[PDB]
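So the structure is just underneath, and the comments pick up after that.
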Amino acid sequence: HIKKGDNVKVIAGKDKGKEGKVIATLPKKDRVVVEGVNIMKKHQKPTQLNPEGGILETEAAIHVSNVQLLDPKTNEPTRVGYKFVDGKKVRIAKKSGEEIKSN
Amino acid sequence: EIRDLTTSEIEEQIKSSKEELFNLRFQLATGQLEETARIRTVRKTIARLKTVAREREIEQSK
Amino acid sequence: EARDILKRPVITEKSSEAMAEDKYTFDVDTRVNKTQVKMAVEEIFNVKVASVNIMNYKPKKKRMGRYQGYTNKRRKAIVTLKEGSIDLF
Amino acid sequence: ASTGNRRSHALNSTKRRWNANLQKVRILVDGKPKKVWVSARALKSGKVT
RNA sequence: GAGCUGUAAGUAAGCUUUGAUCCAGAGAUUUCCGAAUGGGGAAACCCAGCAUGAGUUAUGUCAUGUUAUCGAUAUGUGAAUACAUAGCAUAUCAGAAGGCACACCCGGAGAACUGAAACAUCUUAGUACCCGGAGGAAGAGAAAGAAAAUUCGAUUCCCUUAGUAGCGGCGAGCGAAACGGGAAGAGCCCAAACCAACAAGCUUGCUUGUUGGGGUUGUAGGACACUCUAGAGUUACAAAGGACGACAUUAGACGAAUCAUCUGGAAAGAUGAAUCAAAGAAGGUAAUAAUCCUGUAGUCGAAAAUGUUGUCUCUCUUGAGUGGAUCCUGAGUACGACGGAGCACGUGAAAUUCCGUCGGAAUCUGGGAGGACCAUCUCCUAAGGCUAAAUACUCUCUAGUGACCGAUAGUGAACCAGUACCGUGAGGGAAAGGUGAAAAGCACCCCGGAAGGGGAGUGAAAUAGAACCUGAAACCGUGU
RNA sequence: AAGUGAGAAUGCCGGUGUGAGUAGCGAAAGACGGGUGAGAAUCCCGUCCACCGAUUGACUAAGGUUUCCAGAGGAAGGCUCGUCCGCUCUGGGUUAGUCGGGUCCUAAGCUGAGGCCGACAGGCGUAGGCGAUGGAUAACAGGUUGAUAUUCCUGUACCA
């Protein structure tokens, strides 16, 4: 799992092993958009809503299983487990250093 | 008007809202594009009002 | 009531020429009569209206742009006063 | 009330009905004396009521 | 658990750390038509009459509600024609009506083509259709029974007996039962006897019998007498009902641990070294993943729900020999004649079961039955009601499975399906899936009014450009 | 273990041939000048000529259901052509006390509470209810729009 405001290493891609910051969540297609990664050189149509619709650089959204968190206490790839003692849960980094970047 | 169930007389609030709605709808007609600042939520109030003002007939009167 | 019986006004090149003869056209509901509109425009605008004329409009076909569909029927009503002013533009 | 066959000498068969022998009487069921349809094998009680 | 505004997306802006898009609980409103029920009517429309709310000199207009015919009750009611009896209106009552899975059940009525190498008895067949009654199952069921063997016992269902006995223009064909081996397993409420004894406003109907108590059947039993006494357990029948838990099941729970190289546009592949395993089922991810997602084994179950209901009470209670001297034990019924039907059986020797018509018994010294009618010898008590279990079917819902289909296949329908279209109407009824990993869907220059080209650019690929995976024949062309 | 092998059933469905640049292109008479445009025998204006002429004229009703008006077109469409259009795309257009209906009233028929008849389903029928193509009820002279006129406006009357 992953929310909106962590940093992560991407493992399966042309740019193997690069860290950055997620911006937009996109649950609907299961995809992830990551800062400084896979700039599909969007080249839209000669519209007049999108101004002079053409080239620009917005980060193309890659699949949410190529991307994986990295352990806060170690900055190595992990999975995410969960316990709770309080109202909601607290994701435990499954490799002993527990993440409170709920924000 | 979320979660304010501590009221007896509400009808006059209703009429304020209804003349509100008529006025705001009558302008879109011309132009005036705040259609998402529009009455998609000057309407979602009125059912809160009416549901309680009517349960004040279903359970107290039978 | 006297608020849900009046929807939106008609702003065309024919209604603009009726403003000189003091004749405002409105889109009322398809269930009201020619007397309920005389007690809804004389209270909301507070003006002594003279006469009122209404006409029914049948639904249209559709368009090739989308898919085979239909249009909603409308009910026009031309209200004319003789001492009041305008309440729209 | 039911049905059956009518059989000929060479054993063919056609449908018929057996109807009950109903008559009319000034009698009582539900109040006033009425002229009603009863059958001769349903006269086990009185006649004029 | 951080997102949001239906499949179908973007916008155009708002909303939600107070708890937004939604996973269920639960009530509220629910325009008009439709059994449609205030009165009409060419369904989705029109015209009223009312007790409340509005306004105007009033009148007019609208909004809650009530105004149908049958049933059930406390009720009046009652012209001719004295008096009920037929009329009857204002009212009280919330039980019926329609629809639908028609597949499975139960009644009422009931074909023909076909087989017999024609055809009429017979056979298709009590089948198709039509009508009613309707349940989640229905129907059947508690001996006047089947039976010589020792008779052992309510009904249904599977396996035998058996294609046997039998029936038949003795032709085509139709076709048992006892018997044994199983699944499943309780039977009762009533009448009458008697008597404590008592209820019919004009009625809501003379056959007012109207409330108890008591009883239920064949070793012939209860009344009524010679005798005096406790538990059988009631929430699948006897007559109906809910407190009480624990547990088998239906959402959501947490859910074991992988790195490195090589080729590549990208690896899960090769290669090398490891590590969980009540999880090496399955799908996604830029190629073939037990360790990257979705889950799965299994853990809380689940704010519940019932299903096995395992369990306390609660109203469920009075029964125990005999005497047999009589009291009782269901009537136009038992039975008989004529005409028919259903039983495997064509009506026969026809016993045994139903309907129509006509006649018509005596009654526990009784009565009836033992596939003619007479004696014997057995056996059982008719003419009143009700009932779990074992069984039949699937519109649908949840979870699964397959030497089942893979777009002329599988549903008529994977997409714009009962849709285009066809008929006055009942009705008949198609064709149509695939760009890429990601729109990065060809910015720009040149020819043309445009369509479309030629360069360039994006991409692993542009003979992948929406006539978009692969691209076979028939057919149509240009060069040699 | 099988939905196991295709050349014929006037076989079912789809695609493409031959006949062939062949048959056909279904009511009045046209001719020139100017204009528009990438493109004109076919579109727009003008002048002359001709046809229908108790009708190819004008208006009610039935029926159809936006084909009506304006601006813009890429083809498809139209038996040729197209800059045109009853075709595609935006945005528009139908005004009633007296005009037709509804509402009053009845005809032929169609339904009917009690009431007869019938295996059931359901037939028939008395008051009553419904049902015009018939009866009873009140308008004219004029001026105006790219599209409505006894309806809008102006004068003037009539019915409740």
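Letters A, B, ... go to the chains of the structure tokens in the order shown; residues in each chain start at 1; ligands are counted from 1 in the same order.
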If you take only C-alpha atoms (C1' of nucleotides) and a cut-off of 12 Å, which residues of chain E touch chain C, and what are their nearest atom pairs and distances in Å to one decimal, in chain and number order, as a tab-separated table?
residue	atom	partner	partner_atom	distance
E:31	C1'	C:31	CA	10.5
E:32	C1'	C:31	CA	11.1
E:54	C1'	C:1	CA	10.9
E:55	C1'	C:39	CA	9.3
E:56	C1'	C:39	CA	10.9
E:60	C1'	C:35	CA	9.2
E:61	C1'	C:36	CA	6.8
E:62	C1'	C:36	CA	8.6
E:63	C1'	C:1	CA	9.4
E:416	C1'	C:67	CA	8.4
E:419	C1'	C:68	CA	11.6
E:420	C1'	C:68	CA	11.7
What's the 7 Å shell around residue 84 of chain C, counting only C-alpha atoms (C1' of nucleotides), without same-chain residues fewer than 2 positions away, as a ChimeraX atom specification?
/C:47-48,81-82
What lies within 12 Å of segment 15-18 of chain C using only C-alpha atoms (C1' of nucleotides), ignoring chain neighbours under 2 positions off, as a list in words?
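These residues fall inside the cut-off: residues 9, 10, 11, 12, 13, 20, 21, 22, 23, 24, 25, 26, 76, 77, 78, 79, 80, 81, 86, 88 and 89 of chain C; 92, 93, 145, 152 and 153 of chain F.
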Closest pair table for chain D residues within 9 Å of chain F, only C-alpha atoms (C1' of nucleotides), as a tab-separated table:
residue	atom	partner	partner_atom	distance
D:1	CA	F:119	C1'	7.8
D:2	CA	F:119	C1'	7.6
D:3	CA	F:119	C1'	8.9
Those same residues - C-alpha atoms - I'd like them written as an mmCIF file, in the first residue's frame.
data_model
loop_
_atom_site.group_PDB
_atom_site.id
_atom_site.type_symbol
_atom_site.label_atom_id
_atom_site.label_comp_id
_atom_site.auth_asym_id
_atom_site.auth_seq_id
_atom_site.Cartn_x
_atom_site.Cartn_y
_atom_site.Cartn_z
ATOM 1 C CA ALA D 1 -71.708 -34.297 -11.703
ATOM 2 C CA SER D 2 -69.599 -35.972 -14.379
ATOM 3 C CA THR D 3 -69.351 -37.397 -17.895
#
Find the nearest atom pair between each residue of chain B and chain C for residues within 7 Å, count only C-alpha atoms, give distances in Å to one decimal, sort rows by chain and ascending number, and present the table as a tab-separated table.
residue	atom	partner	partner_atom	distance
B:22	CA	C:3	CA	6.6
B:26	CA	C:8	CA	5.6
B:29	CA	C:8	CA	6.2
Please, what distance in Å, to one decimal, runs between atom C1' of residue 454 of chain E and atom CA of residue 40 of chain A?
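Interatomic distance, atom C1' of residue 454 of chain E to atom CA of residue 40 of chain A: 27.9 Å.
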Please identify the alpha helix (DSSP H) residues within chain B (assignment by DSSP from backbone atoms) and present them as a ChimeraX atom specification.
/B:11-28,46-58
Using only N, CA, C and O atoms, please write the residues we just selected to a file, as a CSV table (one decimal), in the first residue's frame.
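Once everything was written out, this is again-v1.csv:
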chain,number,residue,atom,x,y,z
B,11,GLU,N,-40.1,26.3,8.6
B,11,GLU,CA,-40.7,26.7,7.3
B,11,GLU,C,-40.2,28.0,6.7
B,11,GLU,O,-40.0,28.2,5.5
B,12,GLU,N,-40.0,29.0,7.6
B,12,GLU,CA,-39.5,30.3,7.1
B,12,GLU,C,-38.1,30.2,6.5
B,12,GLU,O,-37.8,30.9,5.5
B,13,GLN,N,-37.3,29.4,7.1
B,13,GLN,CA,-36.0,29.0,6.5
B,13,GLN,C,-36.3,28.4,5.1
B,13,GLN,O,-35.6,28.8,4.1
B,14,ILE,N,-37.3,27.6,5.0
B,14,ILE,CA,-37.6,27.0,3.7
B,14,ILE,C,-37.9,28.0,2.7
B,14,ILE,O,-37.2,28.1,1.6
B,15,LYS,N,-38.8,28.9,3.0
B,15,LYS,CA,-39.1,30.0,2.0
B,15,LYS,C,-37.9,30.9,1.6
B,15,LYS,O,-37.8,31.3,0.5
B,16,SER,N,-37.1,31.2,2.6
B,16,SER,CA,-35.9,31.9,2.3
B,16,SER,C,-35.1,31.2,1.2
B,16,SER,O,-34.7,31.7,0.2
B,17,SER,N,-34.9,29.9,1.5
B,17,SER,CA,-34.1,29.1,0.5
B,17,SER,C,-34.8,29.0,-0.8
B,17,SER,O,-34.1,28.9,-1.9
B,18,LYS,N,-36.1,28.9,-0.9
B,18,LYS,CA,-36.8,28.7,-2.2
B,18,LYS,C,-36.7,30.0,-3.0
B,18,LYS,O,-36.5,29.9,-4.2
B,19,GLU,N,-36.8,31.2,-2.4
B,19,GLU,CA,-36.6,32.4,-3.2
B,19,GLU,C,-35.2,32.5,-3.5
B,19,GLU,O,-34.8,33.1,-4.6
B,20,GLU,N,-34.3,32.0,-2.7
B,20,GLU,CA,-32.9,32.0,-3.1
B,20,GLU,C,-32.7,31.2,-4.3
B,20,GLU,O,-32.0,31.6,-5.3
B,21,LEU,N,-33.3,30.0,-4.4
B,21,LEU,CA,-33.1,29.1,-5.5
B,21,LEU,C,-33.7,29.6,-6.8
B,21,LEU,O,-33.0,29.5,-7.8
B,22,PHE,N,-34.8,30.2,-6.7
B,22,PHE,CA,-35.4,30.8,-7.9
B,22,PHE,C,-34.5,31.9,-8.4
B,22,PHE,O,-34.3,32.0,-9.6
B,23,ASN,N,-34.1,32.8,-7.5
B,23,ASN,CA,-33.2,33.9,-8.0
B,23,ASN,C,-32.0,33.4,-8.6
B,23,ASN,O,-31.6,33.9,-9.7
B,24,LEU,N,-31.3,32.4,-8.0
B,24,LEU,CA,-30.0,32.0,-8.6
B,24,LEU,C,-30.2,31.2,-9.9
B,24,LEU,O,-29.4,31.4,-10.8
B,25,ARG,N,-31.3,30.4,-10.0
B,25,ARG,CA,-31.5,29.7,-11.3
B,25,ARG,C,-31.9,30.7,-12.4
B,25,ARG,O,-31.5,30.4,-13.5
B,26,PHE,N,-32.6,31.7,-12.1
B,26,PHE,CA,-33.0,32.7,-13.1
B,26,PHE,C,-31.9,33.5,-13.7
B,26,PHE,O,-32.1,34.3,-14.6
B,27,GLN,N,-30.7,33.3,-13.2
B,27,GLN,CA,-29.5,34.1,-13.8
B,27,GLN,C,-28.6,33.2,-14.7
B,27,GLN,O,-28.2,33.7,-15.7
B,28,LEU,N,-28.3,32.0,-14.3
B,28,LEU,CA,-27.7,31.0,-15.2
B,28,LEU,C,-28.2,31.2,-16.6
B,28,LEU,O,-27.5,31.3,-17.6
B,46,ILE,N,-32.7,21.5,1.6
B,46,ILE,CA,-34.1,21.5,1.9
B,46,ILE,C,-34.7,20.2,2.3
B,46,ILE,O,-35.7,20.1,3.0
B,47,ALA,N,-34.0,19.1,1.9
B,47,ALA,CA,-34.5,17.8,2.3
B,47,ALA,C,-34.2,17.5,3.7
B,47,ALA,O,-35.0,16.8,4.4
B,48,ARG,N,-33.1,18.0,4.2
B,48,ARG,CA,-32.8,18.0,5.7
B,48,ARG,C,-34.0,18.6,6.4
B,48,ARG,O,-34.5,18.0,7.4
B,49,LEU,N,-34.4,19.8,6.0
B,49,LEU,CA,-35.4,20.5,6.7
B,49,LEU,C,-36.7,19.7,6.6
B,49,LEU,O,-37.4,19.4,7.7
B,50,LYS,N,-37.1,19.2,5.5
B,50,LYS,CA,-38.4,18.6,5.3
B,50,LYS,C,-38.5,17.3,6.0
B,50,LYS,O,-39.5,16.9,6.6
B,51,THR,N,-37.4,16.5,6.0
B,51,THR,CA,-37.5,15.2,6.7
B,51,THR,C,-37.9,15.3,8.1
B,51,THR,O,-38.7,14.6,8.6
B,52,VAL,N,-37.2,16.2,8.8
B,52,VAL,CA,-37.5,16.4,10.3
B,52,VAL,C,-38.9,17.0,10.4
B,52,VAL,O,-39.7,16.6,11.3
B,53,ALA,N,-39.2,18.1,9.7
B,53,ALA,CA,-40.5,18.7,9.8
B,53,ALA,C,-41.6,17.7,9.5
B,53,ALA,O,-42.8,18.0,9.9
B,54,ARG,N,-41.4,16.6,8.9
B,54,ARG,CA,-42.4,15.6,8.6
B,54,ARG,C,-42.4,14.4,9.6
B,54,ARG,O,-43.5,13.9,10.0
B,55,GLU,N,-41.2,14.0,10.0
B,55,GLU,CA,-41.2,13.0,11.1
B,55,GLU,C,-41.9,13.6,12.3
B,55,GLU,O,-42.4,12.8,13.2
B,56,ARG,N,-41.9,14.9,12.4
B,56,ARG,CA,-42.8,15.6,13.4
B,56,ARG,C,-44.3,15.5,13.0
B,56,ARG,O,-45.1,16.3,13.5
B,57,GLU,N,-44.6,14.7,12.0
B,57,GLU,CA,-46.0,14.2,11.9
B,57,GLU,C,-46.2,12.7,11.9
B,57,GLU,O,-47.3,12.2,12.2
B,58,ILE,N,-45.1,11.9,11.6
B,58,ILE,CA,-45.3,10.5,11.6
B,58,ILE,C,-45.3,9.8,13.0
B,58,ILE,O,-46.1,9.0,13.2
Enumerate as a PyMOL selection string all residues of chain A assigned to strand (DSSP E) by DSSP on the backbone, naming them with the chain letters and numbers the document uses.
chain A and resi 7-10+18-24+31-34+39-40+58-59+62-63+67-69+81-83+90-92
Output as JSON, numbers by chain the set of chain D residues within 7 Å of chain E, with distances taken over only C-alpha atoms (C1' of nucleotides).
{"D": [1, 2, 4, 5, 11, 18, 19, 20, 30, 31, 32]}
Residues just named, written with C-alpha atoms as a tab-separated table (two decimals), in the first residue's frame:
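Output file out05.tsv follows:
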chain	number	residue	atom	x	y	z
D	1	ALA	CA	-71.71	-34.30	-11.70
D	2	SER	CA	-69.60	-35.97	-14.38
D	4	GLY	CA	-68.85	-40.67	-19.72
D	5	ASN	CA	-69.34	-42.46	-23.01
D	11	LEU	CA	-68.55	-50.56	-29.65
D	18	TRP	CA	-75.56	-37.51	-16.80
D	19	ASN	CA	-77.80	-34.74	-15.51
D	20	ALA	CA	-79.59	-34.71	-12.16
D	30	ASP	CA	-81.55	-18.29	3.82
D	31	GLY	CA	-84.76	-16.62	4.94
D	32	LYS	CA	-87.68	-15.90	2.65
By how many Å are atom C1' of residue 221 of chain E and atom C1' of residue 238 of chain E apart?
21.2 Å
Output as a tab-separated table one row per residue of chain A within 7 Å of chain E: the closest atom pair and its distance in Å to one decimal place, counting only C-alpha atoms (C1' of nucleotides), sorted by chain and residue number ascending.
residue	atom	partner	partner_atom	distance
A:13	CA	E:266	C1'	6.4
A:14	CA	E:266	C1'	6.3
A:40	CA	E:440	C1'	5.4
A:41	CA	E:440	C1'	6.0
A:42	CA	E:440	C1'	5.8
A:43	CA	E:440	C1'	6.9
A:54	CA	E:443	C1'	6.5
A:65	CA	E:293	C1'	4.9
A:66	CA	E:292	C1'	6.4
Go ahead and write the residues just picked, C-alpha atoms, as a short mmCIF file (atom, residue, chain, number, x, y, z; two decimals), in the first residue's frame.
data_model
loop_
_atom_site.label_atom_id
_atom_site.label_comp_id
_atom_site.auth_asym_id
_atom_site.auth_seq_id
_atom_site.Cartn_x
_atom_site.Cartn_y
_atom_site.Cartn_z
CA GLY A 13 11.08 0.29 -15.62
CA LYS A 14 13.55 1.74 -18.05
CA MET A 40 5.69 11.29 -21.96
CA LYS A 41 6.31 14.37 -24.09
CA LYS A 42 2.59 15.08 -24.32
CA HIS A 43 1.97 16.56 -27.75
CA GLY A 54 1.06 20.70 -28.32
CA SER A 65 2.95 -2.65 -8.85
CA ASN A 66 6.18 -1.54 -10.46
#
Please report, as JSON lines, each residue of chain F lying at most 12 Å from chain C, together with the nearest pair of atoms and the separation in Å rounded to one decimal; use only C-alpha atoms (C1' of nucleotides), and order rows by chain and ascending residue number.
{"residue": "F:65", "atom": "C1'", "partner": "C:58", "partner_atom": "CA", "distance": 9.7}
{"residue": "F:66", "atom": "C1'", "partner": "C:60", "partner_atom": "CA", "distance": 7.1}
{"residue": "F:70", "atom": "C1'", "partner": "C:13", "partner_atom": "CA", "distance": 11.8}
{"residue": "F:88", "atom": "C1'", "partner": "C:64", "partner_atom": "CA", "distance": 8.5}
{"residue": "F:89", "atom": "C1'", "partner": "C:65", "partner_atom": "CA", "distance": 9.0}
{"residue": "F:90", "atom": "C1'", "partner": "C:63", "partner_atom": "CA", "distance": 11.4}
{"residue": "F:91", "atom": "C1'", "partner": "C:12", "partner_atom": "CA", "distance": 9.6}
{"residue": "F:92", "atom": "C1'", "partner": "C:12", "partner_atom": "CA", "distance": 8.0}
{"residue": "F:93", "atom": "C1'", "partner": "C:14", "partner_atom": "CA", "distance": 9.3}
{"residue": "F:94", "atom": "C1'", "partner": "C:55", "partner_atom": "CA", "distance": 7.5}
{"residue": "F:95", "atom": "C1'", "partner": "C:53", "partner_atom": "CA", "distance": 5.2}
{"residue": "F:96", "atom": "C1'", "partner": "C:53", "partner_atom": "CA", "distance": 9.0}
{"residue": "F:145", "atom": "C1'", "partner": "C:14", "partner_atom": "CA", "distance": 10.0}
{"residue": "F:146", "atom": "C1'", "partner": "C:14", "partner_atom": "CA", "distance": 11.6}
{"residue": "F:147", "atom": "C1'", "partner": "C:14", "partner_atom": "CA", "distance": 11.0}
{"residue": "F:148", "atom": "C1'", "partner": "C:55", "partner_atom": "CA", "distance": 11.7}
{"residue": "F:151", "atom": "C1'", "partner": "C:53", "partner_atom": "CA", "distance": 9.5}
{"residue": "F:152", "atom": "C1'", "partner": "C:18", "partner_atom": "CA", "distance": 10.1}
{"residue": "F:153", "atom": "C1'", "partner": "C:21", "partner_atom": "CA", "distance": 9.5}
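Take atom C1' of residue 66 of chain E and atom CA of residue 59 of chain B: the distance between them is 21.8 Å.
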Determine, counting only C-alpha atoms (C1' of nucleotides), which protein, DNA and RNA residues have an atom within 12 Å of an atom of residue 326 of chain E; residues of the same chain fewer than 6 positions away are not included. Present the result as a list in words.
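Everything that qualifies: residues 193, 223, 224 and 225 of chain E.
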